[PDB]
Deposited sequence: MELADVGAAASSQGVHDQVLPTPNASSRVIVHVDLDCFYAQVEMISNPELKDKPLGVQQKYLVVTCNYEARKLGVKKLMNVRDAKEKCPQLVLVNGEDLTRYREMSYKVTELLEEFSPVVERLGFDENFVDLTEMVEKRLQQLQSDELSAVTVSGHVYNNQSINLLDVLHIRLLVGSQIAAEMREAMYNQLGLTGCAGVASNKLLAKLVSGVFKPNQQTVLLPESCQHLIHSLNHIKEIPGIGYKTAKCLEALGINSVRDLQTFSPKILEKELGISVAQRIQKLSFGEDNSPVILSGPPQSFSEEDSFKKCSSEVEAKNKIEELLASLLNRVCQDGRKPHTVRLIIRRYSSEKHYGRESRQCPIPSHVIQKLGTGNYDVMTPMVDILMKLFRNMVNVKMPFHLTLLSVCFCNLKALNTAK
C-alpha cells in the first residue's frame, strides 16, 4: 500500500475532566474520581501533589488531606462524552477505533495524501511540524515519509483544537506509522501536548521502555510468562529465539509480540462504530448469599434497558456474570422473540434467575446485553 499515518488521541484524566466541566468549582482544586474504595483517576492539581491512578481513598487522603472526591461509579455521563469525542474524530476521517472511553486511533493515511495535492511544488518547502518531534530529531523536508507525518501532526492539532473548542476537552496526540508507535509516542509529552515519531527514531522509543509489560499487547499474564524465562527488557524480547517464545505462549502470540518489540505492528485501525454490548456491574464483598442477590439484578436490568432502549438496535442475547469468594463466571442465552419486541422486566428477570440458579445452588453481579441486530 504501503506506509500509513496513524494518530492516537488520548484524553487527559478523562473522568476528572468531565467532573470539572460539571462543577467549575472543582477546577484548580485537587480532584479525585472515587469508584468504590479506589481513587480511580484524578486531575493534575492532585496528580502533581503525589496522588497516583488507582490509589487507596485513604492512602490518597493521607497524602493529600485537601483532596476532594466525586463518585464515578455510574459511568453514564463519561460514556456520553466519550462518544461525542469519537463522533468528532469520525468527522475528520470515518475510520476511528476506540480504546476504552478515553482513547481513539484514527487512520490519517488517505487524508494526509489529499492535503499533499492542494499543495503545489513551492509551498511543499514550507511544511512545518505541529508540536513535539520525538527525540528532538531533524526533519528532512525531502524525506517523503517525514513530510506526510508532519501533515499528520497538523491534522492531530486540528483535532485537539477542535475537541477543546467544541467539547471543551484537552488531550494528547501521537502521530506514527502504526498503532503501536502512535500509542507509545502520544504519551511522551503530557498533559496537553503532542508528538510525532519520525521513522529513524523508532528504536529509540521502543528501547526507552523499561518493561515489556509497557508494550500495548503484552499484559499481566504474558509479561510474567516472559519474565519466568529471563526475558525482562524489550531487547530481551527482540533477541530471544523465536522457538523458545512459541513453546510457551502460542505461535499466535509469539509471532505477534516479537514484532511489537521491534516496533512492528501492521494491525489496521478498525471502525468501531456502535457498541457490540451494553453491560453493567455492581460490586461488593462479601455479600450476596443469595437472594436479594436478585434485587441487585433488577437494578442493573432497569439501567440497562434504558441504554439499550435509546440505541434503536435490539439485543438478541442476555448474559449474567458472577464472581465468588471467600476470573469469574457467566451464563448466557438467547432472548425470546416475543420479549425482544421491546413488563419486559418480568420475563427478563425470570430469564436471569434461571441462569442464576444454574450457577450457584459473591463479590460481583453483572448483566450484559449483546448480539445486537
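According to the record, C-alpha coordinates are lacking for deposited residues 1-24, 351-355, 372-377, 397-402, 415-420.
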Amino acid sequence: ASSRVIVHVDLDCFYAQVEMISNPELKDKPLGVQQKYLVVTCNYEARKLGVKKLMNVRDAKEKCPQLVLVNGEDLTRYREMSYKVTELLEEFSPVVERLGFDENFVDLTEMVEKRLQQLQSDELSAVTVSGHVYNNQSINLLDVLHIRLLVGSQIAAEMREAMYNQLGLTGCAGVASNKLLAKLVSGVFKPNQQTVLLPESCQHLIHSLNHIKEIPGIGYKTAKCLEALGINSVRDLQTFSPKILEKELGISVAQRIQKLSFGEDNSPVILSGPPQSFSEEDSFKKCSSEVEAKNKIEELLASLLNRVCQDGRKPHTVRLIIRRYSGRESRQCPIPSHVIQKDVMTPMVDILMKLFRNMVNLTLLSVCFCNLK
From here on, numbers count along this sequence of modelled residues.
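The term rigid core refers to the maximal set of C-alpha atoms that superpose within 1.5 Å between the two forms.
Farther from the shown form on average, by C-alpha root mean square after a core fit in 9 other deposited structures of this protein, is 287-295, of the stretches 287-295 and 116-124.
Farther from the shown form on average, by C-alpha root mean square after a core fit in 9 other deposited structures of this protein, is 244-252, of the stretches 98-106 and 244-252. Compared with other PDB entries of the same protein, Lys36 is present in all of those that resolve the residues around it, none of them, let alone a third, dropping it. Per the compared records, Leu362 is unresolved in at least a third of the other entries whose models span it. Relative to its counterpart among 157-165 and 270-278, 270-278 has the higher mean temperature factor, C-alpha atoms as listed in the PDB entry.
In this entry, the higher average B-factor at the C-alpha atoms falls on 111-119, of the pair 184-192 and 111-119.
Per the deposited coordinates, the residue with the largest Cα temperature factor out of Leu209, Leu75, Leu141, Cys225 is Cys225. The top Cα temperature factor in the record, among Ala293, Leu88, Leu301, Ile251, falls on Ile251. Among all modelled residues in its chain, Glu19 ranks in the lowest third by Cα B-factor. When all modelled residues of the chain are sorted by CA temperature factor, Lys213 is found within the middle third.
In the deposited entry, the Cα temperature factor of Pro65 places it in the highest third of its chain's modelled residues. In the deposited entry, the Cα temperature factor of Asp102 places it in the middle third of its chain's modelled residues.
Ranked by Cα temperature factor within the chain, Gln341 sits in the highest third according to the deposited record.
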